[PDB]
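Examination of the molecular architecture
Single-letter residue listing:
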Amino acid sequence: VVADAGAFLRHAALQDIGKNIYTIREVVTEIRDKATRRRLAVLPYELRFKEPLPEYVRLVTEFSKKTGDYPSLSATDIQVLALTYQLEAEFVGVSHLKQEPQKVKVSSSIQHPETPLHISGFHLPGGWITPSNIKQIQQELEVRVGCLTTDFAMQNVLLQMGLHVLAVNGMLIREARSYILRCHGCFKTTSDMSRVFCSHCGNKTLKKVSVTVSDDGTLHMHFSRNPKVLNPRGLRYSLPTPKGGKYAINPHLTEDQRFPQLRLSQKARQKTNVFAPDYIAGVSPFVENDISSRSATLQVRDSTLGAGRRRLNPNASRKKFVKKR
Amino acid sequence: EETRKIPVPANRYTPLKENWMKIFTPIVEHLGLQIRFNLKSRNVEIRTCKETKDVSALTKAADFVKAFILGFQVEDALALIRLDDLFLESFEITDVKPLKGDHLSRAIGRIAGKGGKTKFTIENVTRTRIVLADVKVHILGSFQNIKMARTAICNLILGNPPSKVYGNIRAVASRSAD
Amino acid sequence: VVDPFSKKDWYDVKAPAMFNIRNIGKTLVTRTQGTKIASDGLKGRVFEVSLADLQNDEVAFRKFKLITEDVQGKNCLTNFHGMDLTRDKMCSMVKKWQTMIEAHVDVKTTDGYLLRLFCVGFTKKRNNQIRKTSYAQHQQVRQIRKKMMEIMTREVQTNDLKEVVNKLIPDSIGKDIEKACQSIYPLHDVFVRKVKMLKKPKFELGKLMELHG
Amino acid sequence: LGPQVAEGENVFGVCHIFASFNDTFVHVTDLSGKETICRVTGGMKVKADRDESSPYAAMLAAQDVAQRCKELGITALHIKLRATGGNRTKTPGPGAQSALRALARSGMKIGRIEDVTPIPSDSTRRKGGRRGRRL
Amino acid sequence: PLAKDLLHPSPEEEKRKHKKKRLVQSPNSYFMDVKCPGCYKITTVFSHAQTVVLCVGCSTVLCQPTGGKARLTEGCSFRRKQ
RNA sequence: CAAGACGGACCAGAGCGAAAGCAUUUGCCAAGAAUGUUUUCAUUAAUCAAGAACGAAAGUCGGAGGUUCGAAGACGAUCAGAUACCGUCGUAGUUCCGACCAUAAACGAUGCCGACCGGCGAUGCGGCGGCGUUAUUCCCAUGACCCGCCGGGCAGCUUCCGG
Ligand SMILES: [Zn+2]
């Protein structure tokens, strides 16, 4: 039972199920949540820290660089993989696990990548969210040593090698489906769903492609055969001359380019909380807006705000009295 | 069992999807209601169940999702599931003055102000949330606060400059035992 | 001082046999006071009943207006008087970047009912379309509208009221119009939006018994 | 006094809540709409013209009509919300919202909510001038 | 820009340009030899014909006028002449 | 049931027109830009004193009509001095038909015609080239989409062209 930091984040109190509860010091010392650290000082201390012998750390690295998951994982994730590999080696025979992982098979379909399949509340033609389902909805849910890995790249390389992986649910996981991003310029895949520029070529060209791995060791990857996805409509537009100084917003063309700091005031990026027990004594139903700072005058916005505006293509007609900051 | 259905327009589908967990968690936890999103009919469907604590929880959930779909922040409509004297009155801009074209456009502009400042300042005085859909104005707050907000907004879209409206709205707030 | 609800009486109002659910509900009438009868006080009451309250499997945005036409001893036999969409559905279908195509026909059934049919359709954005707007041209709109009138008039003038109202429950006319208009401009959400009574025939008793059972 | 129905099936009425810009009406009636059961406007509760339109008077009227319905035996209500319409404002005020909320609170089963407001196809001239209206 | 052989444009460049805006004007039309499926008679039809050209020995329509190029009837064959 | 009005949402920096202007279906009537053309005439053209046609709203003469709104006007409220604001009512008007009137922030506060001087992709119409998807896998052309080009349009963005 090797606990990833996802188990500690999720407060998965599964120490009673297993007895081989082991983990790295690095994964538990990197957590920045206060409630998790408070919960760490309360829990019964049966977990033990170790560091794997570095030889299996190499071996895990040479097949992760072959399975297409090496840029996605962290060093600590390689530590978790090496620790569960060594605990498998010490407890169970080593002939069970296989190397040189199997080639992916390709099968495309017609659905758009943004089709909201596998989102809980949604229903095409019953699928309801009951008070009985909230504890149930975690992920796709289906002997001595297991894992508590929630990142998909972890489960991908584990089920590729053949280690039995389990979840916050006690029963082990048989099937794992998710989404990845693939570049249509250099065809290199990333398991990080947040990232918008490619790791290899650096272009803003990653598009969503679904994957599913079995417990057997098979990875099969579903494309979308929809011509909407690969269409260059608003991709060529003329760009302004590059501007410097404290207030310049260049159009963000490379991943590691340097922006001037334009942060919101602490008053502006505060949202109203109504579940607080001191809310009803508060004067207003809502937090006051910031209209007094310098960033209010400079019209600084939250980075997440104004997203559907960006997906409108620049060579198009906006209304005649609006201005796009 | 009784249910309500709340429509979603096409510009409110993606906000409904990103903010979905923040919608269905307080409805099902603190009110104990069933909820789904019918994609074929494009309706948010809210249904009573065995675990509902009391009557008029489902009306609270309906007002919550309605305020979200009109364009309010999810936190400002969690204010609807919590509080009892919060309503929403809306009107078109041409319900006050017949405006056509660029005049109408300027009306929207001088509701909002530069950077949105005017809007925010009105929200700071009347303690309301205003949302300006395409030609339409929606206010959220208490009853007397909503009528103060309408007075300020209607003065803005029958011509008066924002400075006059600022002074009038602060004076009216002072005389209202605020 | 005197309560007038003691003098009132409760009657059952019932849907005809064309819908699954019969008992659409209850109805007050002040009793007979010699001069005016309790019967003719309720001879012309119109009921806005949604379709989900008449059949279980159908959709609830449609409303049938049923007019009561006889009373049979705490039963009120009702006949079809109209249909319209829910205004929420009407508000939801009118989106911006598309063409609204409306049409209307004054069509007479075989048994003497003169009806006015209104049909609305919307141009459909295609599955690989990138252009924001989905407008039809004026000749395409006229062709679509002409075929809409043709389909409705051909679908009503050859049938009696019972068959027509049985094809207004699932909107067979709508599916026919969606299929037939694809060769001009593909259509998105067509419905017979409204059905009116322009003319009724002379009242008969055996006809209502046929429509009821 | 009322219908002779078992405890299972509900006897529906139709509730016309009309939220004017000076008061609010509550008209419970038959499914046909022809004969009326109860109607309590906002001014039947507050003895001041200023608060005819408040959500408080709307709440009180909702309690009154709900009480009268349990007197005569109506258990469930369909609701038709309404504002003035025509040339004037189309969206119902907080009076109709408060009446709906408090009436749902007071033991009524609620059926379908429908907005029957007079939207014109195309309108006559507005009561205001060209110069504007509402202060 | 600032260096362009105006004298010898590429044939792609000339074929793109409007028929007047070429270095020397040249039409985009042609006289095509049409061949009726029934008879053996060779006929010449202008590619942007405006009339309904009839067969001399069959009285069969060959092409219909359109906004631009005349559309040939189904079954007729043709070759562009010289 | 009737009367007179008005054609919302769809409706856009979309279209059309010389401008004022123009949005319910259908039919008739005569016009019109653009595009296409290896058609015809062959300088017939540009800009225009004088002179003419059209010209929002309001207004004025005759007839018809009056639903809504509503200058004048009547009231009610309001004050050291209020005679405008506000509410209810309401006349001419607002609608039509025939005459007049010829003015607007009648605006791009920007004559018209011709030429040259950077880039870009959206859109409206017409034309051309081309894989594919669709008309329940369309049997052929054809419409709806998709990719590029050309021409005249309504606009936009970008630029240290030069002013
Ligand atoms: Zn790449």
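Residues numbered from 1 in each chain as written, not as in the entry; some residues may be left out. Chains lettered and ligands numbered in written order. Part of a larger assembly, values for the part shown. Heavy atoms only, no water. Residues with missing side-chain atoms left out of burial classes, pairs and counts.

Its PDB record attributes the structure to cryo-EM, giving the resolution as 3.1 Å.

The PDB entry lists chain C under the name 40S ribosomal protein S3a, from Homo sapiens. The title line of the PDB record says "Cryo-EM structure of a human pre-40S ribosomal subunit - State RRP12-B1". On record in UniProt, under Sequence similarities, the comment for chain C is "Belongs to the eukaryotic ribosomal protein eS1 family." (UniProt positions renumbered as here; feature names shortened; annotations may be inferred.)

Taking the PDB entry as the reference, chain B is identified by name as RNA-binding protein PNO1 belonging to Homo sapiens. In UniProt, chain B has this text filed under Subcellular location: "Nucleus, Nucleolus". You can read under Sequence similarities in the UniProt record for chain B the words "Belongs to the PNO1 family."

**Overview of helix α3 (residues 58-70) of chain B**
Residue and element names in this part refer to chain B. Taking 1.5 Å of rise per residue, the 13 residues of α3 would be expected to cover 18 Å, and the 18 Å separating its terminal C-alpha atoms lies within 8% of that figure. Most of α3 is tucked away: 11 of the 13 residues are buried. Taken residue by residue, α3 has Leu58, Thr59, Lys60, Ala61, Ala62, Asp63, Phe64, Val65, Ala67, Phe68 and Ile69 as its buried positions. Note on α3: the residue one or two positions beyond its end, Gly71, has a positive phi of about 130 degrees. (Helix = DSSP H or I, 4+ residues; strand = E, 2+ residues; numbered from the N terminus. Expected span 1.5 Å × (residues − 1). Buried < 20%, exposed > 50% of the residue type's maximum accessible area, 1.4 Å probe, protein only.)

**So, the pattern of salt bridges**
Residue and element names in this part refer to chain A. This model, assessed by the stated rule, comprises 28 salt bridges over all chains. Here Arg195 ties to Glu255 by a salt bridge, and the two come within 2.7 Å at their closest N and O atoms. Placement of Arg195 in the loop between β6 (189-190) and β7 (206-214) and of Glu255 in the loop between β8 (219-222) and α7 (294-297) is noted, with a sequence separation of 60 residues between them. For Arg195, a relative accessible area of 27% gives the class partly exposed. (Salt bridge = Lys/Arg side-chain N within 4 Å of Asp/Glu carboxyl O.)

**Concerning the coordination of the zinc ion**
Residues and elements named next belong to chain A. Within the protein, the zinc ion binds to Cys183 (SG), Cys186 (SG), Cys198 (SG) and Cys201 (SG); these donor distances fall in the range 2.3 to 2.5 Å. In this structure, the zinc ion is surrounded by four donor atoms whose angles at the metal cover 95 to 128 degrees, and the resulting shape is tetrahedral. Expressed as a motif, the donor residue spacing for the zinc ion is C-x2-C-x11-C-x2-C. Here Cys186 is found in the loop between β5 (175-183) and β6, whereas its partner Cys201 is found in the loop between β6 and β7, with 15 residues between them in sequence. Take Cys186: its relative accessible area is 14%, and that puts it in the buried class. (Donors = N, O, S within 2.8 Å, 3.2 Å for Na, K, Ca; no water. Tetrahedral: all angles 85-135°; square planar, octahedral: opposite > 155°, others 65-115°.)

**Observations regarding the side chain of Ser295 of chain A**
Residue and element names in this part refer to chain A. Mapped onto the elements of the fold, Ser295 is located in helix α7. Accessibility expressed as a relative area gives 12% for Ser295, which makes it buried. Polar side-chain contacts of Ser295 include one of 3.0 Å to the side chain of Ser293. (Polar contact = N/O pair within 3.5 Å; in protein donor to acceptor, adjacent residues only side chain to side chain.)

**Notes on the domain arrangement of chain B**
Residues and elements named next belong to chain B. By domain assignment, chain B separates into domain 1 (1-82) and domain 2 (83-178). Here the C-alpha centre of domain 2 lies 27 Å away from the C-alpha centre of domain 1. At the junction of the two partners, domain 1 supplies 12 residues and domain 2 supplies 10 residues. Roughly 980 Å² of surface becomes buried between domain 1 and domain 2 when both sides are summed, with 67% attributable to carbon and sulfur atoms. Its largest share of buried area at the contact with domain 2, domain 1 owes to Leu70, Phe72 and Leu80, together 52% of the area lost on that side. Taken together, the connections running from domain 1 to domain 2 amount to two salt bridges. The salt bridge involving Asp76 is made with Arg129; its shortest N-O contact spans 3.1 Å. Taken together, the links from domain 1 to domain 2 amount to three residue pairs in polar contact. Mapped onto the side of domain 1 that touches domain 2, the elements with two or more residues apiece are α3 and α4 (74-82). (Domains from an automatic or database assignment. Contact = heavy atoms within 4.5 Å. Buried area = accessible area lost by both parts, 1.4 Å probe.)

**Topic: the pairing of strand β2 (residues 24-29) of chain D**
Residue and element names in this part refer to chain D. Sheet topology note: the strand β1 (residues 12-19)/β2 ladder contains six bridges and is antiparallel. In the strand pairing of β2, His16 is matched with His27. With antiparallel pairing between neighbouring strands as the criterion, β1 and β2 make up a hairpin whose turn holds four residues. Of the pairings in the sheet, the one linking β2 to strand β3 (residues 36-39) comprises three bridges and is antiparallel in character. When the bridges of β3 are listed, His27 appears paired with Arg39. (Pairing = 2+ DSSP bridges.)

**A look at the packing of aromatic side chains**
As enumerated under the stated definition, the model contains 11 aromatic pairs over all chains in all. Here the aromatic rings of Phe19 of chain C and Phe64 of chain C are separated by 5.3 Å at their centres, their planes lie at 65 degrees, and the arrangement is edge-to-face. One end of the pair, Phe19 of chain C, is in the loop between β1 (8-14) and β2 (23-30); the other, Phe64 of chain C, is in strand β4 (residues 62-71), with 45 residues separating them in the sequence. Overall, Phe64 of chain C belongs to the buried group, its relative accessible area being 0%. Each residue in the set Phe122 of chain A together with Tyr13, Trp20, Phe24 and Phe37 of chain B is aromatic and connected to the rest through ring pairs, giving one cluster. Directly above the aromatic system of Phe61 of chain C lies the positively charged group of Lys89 of chain C, at a separation of 4.3 Å from the ring centroid. Across the ring face of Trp97 of chain C, the terminal group of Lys96 of chain C is positioned such that the distance to the ring centre comes to 5.6 Å. (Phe/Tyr/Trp six-rings, centres within 6.5 Å; stacked < 30°, edge-to-face > 60°. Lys NZ or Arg CZ within 6 Å of the ring centre and 35° of its normal.)

**A closer look at the interface of chain B and chain A**
At the junction of the two partners, chain B supplies 45 residues and chain A supplies 34 residues. For the side of chain B that touches chain A, the element with the highest residue contribution is α4 of chain B, accounting for six residues. In terms of residue class, the side of chain B that touches chain A is built from 17 nonpolar, 10 polar and 18 charged. Looking at chain direction, strand β4 (residues 122-123) of chain A and strand β2 (residues 34-38) of chain B are connected through two bridges and run parallel. Residue pairing for β2 of chain B: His123 of chain A is matched across the bridge by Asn38 of chain B. (Nonpolar A, V, L, I, M, F, W, Y, C, P; charged D, E, K, R; others polar.)

**Comments concerning the protein's contact with RNA strand F**
Taken together, 63 residues lie around RNA strand F, and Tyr135 and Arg142 of chain C together with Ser29, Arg71 and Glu74 of chain E are the ones closest in. Here a phosphate oxygen of RNA strand F and a side-chain polar atom of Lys21 of chain E are 2.9 Å apart. One of the side-chain nitrogen or oxygen atoms of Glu74 of chain E is found 2.3 Å away from a sugar or linking oxygen of RNA strand F. Those elements giving two or more residues to the surface near RNA strand F turn out to be β6 (100-108) and α3 (138-156) of chain C. For the surface near RNA strand F, the leading source of residues is α3 of chain C, giving three residues. Class assignment of the residues belonging to the surface near RNA strand F gives a composition of 15 nonpolar, 24 polar and 24 charged. (Near = heavy atom within 4 Å.)

**Here's the deal with the sheet that holds strand β6 (residues 136-141) of chain B**
Pairing between sheet strands relies on hydrogen bonds along the backbone, with the strands arranged either parallel or antiparallel. All names here are of chain B. Taking strand neighbours across the sheet as the criterion, the three strands line up as β4-β6-β5 in an open arrangement whose pairing is antiparallel. Since the sheet does not close on itself, it has two edges, and those belong to β4 (87-92) and β5 (129-133), each with one partner. Taking the axes of each pair of neighbouring strands and ignoring which way they run, one obtains an average angle of 15 degrees across the sheet. With six bridges connecting them, β4 and β6 associate as antiparallel partners. What sits directly across from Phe91, in β6, is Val137. (Axes fitted to C-alpha atoms, helices over the stretch in contact; angles between N-to-C directions.)

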